[PDB]
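First up is the structure itself, then whatever we jot down about it.
Bear in mind that the values in this text are calculations on the coordinates, not laboratory data. Quick reminder, even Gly has a Cβ in these numbers, built from the backbone with ideal geometry, and neighbours come from all protein chains shown.
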């Protein structure tokens, strides 16, 4: 039904059996999504220039593209402001703010393995989901 | 004449006398630029929610805005690919790729204090400048 914007923390664990068990059916159904910044974070995992090309081909084959509206910069600033008094603005990574803003714009959950997405969602009220139960 | 897109590595050193000596005249002349992502990285330095607001007001008063075109995501991916064989894709931060793409789009140098901008410029041939001589 709804797609999930897959965050690095889950993608980098796609090889673990429980995580694969969740991600493979979503992928086969076309329910995993990517955007500009999640592709960039995925590209860090390349092991050669050609492998970076292989990874790009995989991502374009396996995850549905969603656009990044130009509102993400201010939205991320708003979220960062709301995280500041608790001090989370110094630990929540800038790319994760952008990912959250993209997912919120499209009305899709972020699928992740990082409590920081729960810290963002406490502010935005947007849907987020652990790829597998954290415990 | 030309503006400079100010990167975090220089902004975070604005209090050092040599750096202030370079940045204050540029600021007074309206020659320092900001974009969505450089403002986000600056916001990490806030020391309270209200201070985050103070910092935002300062940035809007002190640095000229430039837009972030939707081409930055693919441009950053291209740069990351060209950094991959040397291994720099695993150390050059995603926000710095975006900053470089913004500056390149606008034809303005990045003003920085991080050799990673020189690694990017070796690929793109775009202008970059140390805020003060690195040595």
How far is the Cα center of the stretch B:71-100 from the Cα center of the stretch B:1-16, in Å? 20
Output row for residue A:53: copy-to-copy label distances, label 7 Å along Cα→C-beta, ascending, in nanometres, one decimal, is 5.3
With a/c under 1.5 counting as rounded, go ahead and sort the stretch A:7-48 into rounded, prolate or oblate using the C-alpha gyration tensor (a ≥ b ≥ c being the square roots of the eigenvalues; past the cut-off, prolate if a/b is larger than b/c, else oblate). oblate
If you consider only alpha-carbon coordinates, what radius of gyration and Dmax does chain A have, in Å? 14.6, 44
Scattering curve values for the protein assembly as shown, log₁₀ I(q)/I(0), Debye with Cα scatterers, q = 0.07, 0.11 Å⁻¹: -0.26, -0.63
Compute the FRET efficiency between residue B:54 and residue A:28 as 1/(1 + (r/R0)^6), taking r as their Cβ-Cβ distance and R0 = 45 Å, and round to the nearest 0.05. 0.35
Can you pull the mean other chain C-beta count within 10 Å for peptide A:64-70? 2
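With r as the distance between the Cβ atoms of residue B:16 and residue A:85 and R0 = 41 Å, compute the FRET efficiency 1/(1 + (r/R0)^6) and round to 0.05.
So the FRET efficiency works out to roughly 0.90.
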Pick out which of B:28, B:50, B:81 has the largest mean-square fluctuation in a Gaussian network model of chain B, springs linking Cα atoms closer than 10 Å. B:50
Nm distances between the label at residue B:124 and the same-position labels in the remaining copies, 7 Å along Cα→Cβ, shortest first? 2.5
Report, in deg cm²/dmol and to the nearest 500, the calculated mean residue ellipticity at 222 nm for chain B, where each DSSP H run with n ≥ 4 adds -39500 (n - 2.57) and the sum is divided by the residue count. -16000 deg cm²/dmol
Tilt of helix A:94-106 relative to the longest C-alpha principal axis of chain A, in degrees (0 to 90, nearest 10)? 80
Copy-to-copy label separations for residue A:1, where each label sits 7 Å from Cα toward Cβ, in nm and ascending: 6.1
Which angle from 0 to 90°, rounded to the nearest 10, does the C-alpha axis of helix B:72-84 make with the longest principal axis of chain B? 60
